[PDB]
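Everything on this sheet refers to the single structure shown next.
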Amino acid sequence: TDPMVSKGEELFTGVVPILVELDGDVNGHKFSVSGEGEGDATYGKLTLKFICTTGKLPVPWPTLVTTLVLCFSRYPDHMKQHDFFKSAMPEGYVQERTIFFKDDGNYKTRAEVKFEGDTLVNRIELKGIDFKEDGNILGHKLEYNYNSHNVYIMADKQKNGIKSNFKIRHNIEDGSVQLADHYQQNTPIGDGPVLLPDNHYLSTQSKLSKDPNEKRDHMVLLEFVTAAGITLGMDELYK
């Protein structure tokens, strides 16, 4: 229909292999994470297994879920002209976040998301500062679980990209919650054209599990992301 959505969508037809690379440093605790799996953007479906290749992960796995490929979001047909993430491919986009853990430290992340051949690669640098060595993060007090969210995507026309801020609440074992306030910006890597979206949101669902045969520190993630929020015309079709 739109030759630009055709280009982006053609890159994400079928199952696409995914590689995630994360080099991390939180309060000087250095670590690396490697992730492998596949994404099926027609269903907004991600199946990823992450391993800490440097030993024990010094932060809880749930705190890294958002950092560790929104181009696999399912954009329904009536919204596909608002899919910035795929429109930037194959050259990719830069995704930058600051994640403020309330009453604790913050992560600062910079990632390049792009195709290397048929593989969608998410290459991340994470820097965390001002964490409490006995707090919920460095103290590993967070439940190994995750919640569904609705994050609002806004155009950032000045930067020919998008931005978003949203709150994630990690369950603490004692029963409280640890707030992680996300500030996000995405900008295309090359000088090619992109689709700048109307305001909309992404609805997420994530299941974390363990591989019984994996002796390394790891996370299995089953995640679905669907776009929504531009429905004036569609709603009228049904009076």
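Letters A, B, ... mark the chains of the structure tokens in the order given; residue numbers begin at 1 per chain; ligand numbers begin at 1, in order shown.
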Spatial neighbours of residue 178 of chain A, max dist 9 Å, only C-alpha atoms, sep filter under 5 positions, as a list in words
residues 101, 102, 103, 136, 137, 142, 168, 169, 170, 171 and 172 of chain A
Could you save those same residues with C-alpha atoms as a PDB file, in the first residue's frame?
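After the write, out14.pdb holds the following:
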```pdb
ATOM      1  CA  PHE A 101      15.011   3.853  40.020  1.00  0.00           C
ATOM      2  CA  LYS A 102      13.180   5.808  42.687  1.00  0.00           C
ATOM      3  CA  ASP A 103      15.263   6.251  45.852  1.00  0.00           C
ATOM      4  CA  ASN A 136      16.599  -3.363  45.826  1.00  0.00           C
ATOM      5  CA  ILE A 137      18.709  -3.549  42.681  1.00  0.00           C
ATOM      6  CA  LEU A 142      13.158  -7.858  43.111  1.00  0.00           C
ATOM      7  CA  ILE A 168       7.667   0.416  35.266  1.00  0.00           C
ATOM      8  CA  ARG A 169       6.975  -0.953  38.756  1.00  0.00           C
ATOM      9  CA  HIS A 170       9.085  -3.953  39.762  1.00  0.00           C
ATOM     10  CA  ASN A 171       7.664  -6.112  42.541  1.00  0.00           C
ATOM     11  CA  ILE A 172       9.877  -6.251  45.630  1.00  0.00           C
TER      12      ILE A 172
END
```
When you look at segment 59-69 of chain A with a cut-off of 9 Å (counting only C-alpha atoms), what residues show up, excluding the ones that are within fewer than 3 positions of it in the same chain? I need them as number ranges by chain.
A: 18, 20-22, 26, 33, 35, 39, 46, 50, 56, 72-73, 85, 97, 109-111, 113, 120-124, 126, 136-146, 170, 180, 206, 208, 218-219, 221
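Note that DSSP on the backbone gives helix (DSSP H, G or I) to these residues of segment 3-213 of chain A: residues 3, 4, 5, 6, 7, 8, 9, 10, 11, 61, 62, 63, 64, 70, 71, 72, 77, 78, 79, 80, 81, 82, 84, 85, 86, 87, 157, 158 and 159 of chain A.
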Out of A:87, A:176, A:164, A:13, which residue has the shortest atom-to-atom distance to residue 189 of chain A when counting only C-alpha atoms?
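Smallest separation from residue 189 of chain A among the options: A:87.
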Residue contacts of residue 186 of chain A (7 Å, only C-alpha atoms) excluding same-chain residues fewer than 6 positions away, as a list in words:
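Here the qualifying residues turn out to be residues 93, 94, 95, 96, 161, 162 and 163 of chain A.
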Within 9 Å of residue 204 of chain A using only C-alpha atoms, minus same-chain residues under 2 positions, as number ranges by chain
A: 147-151, 202, 206, 223-227
Taking into account only C-alpha atoms, which residue in the set A:212, A:160, A:19, A:135 is nearest to residue 192 of chain A?
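For residue 192 of chain A, the nearest of the candidates is A:160.
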Option closest in space to residue 209 of chain A, from A:237, A:195, A:48, A:57 [counting only C-alpha atoms]:
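Ranking A:237, A:195, A:48, A:57 by distance to residue 209 of chain A, first place goes to A:48.
Of the listed residues (A:98, A:42, A:34, A:187), A:42 comes nearest to residue 14 of chain A; the distances count only C-alpha atoms.
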In terms of the shortest atom-to-atom distance over only C-alpha atoms, which of A:74, A:86, A:7, A:29 is closest to residue 55 of chain A?
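When distances to residue 55 of chain A are compared using only C-alpha atoms, the smallest one comes from A:29.
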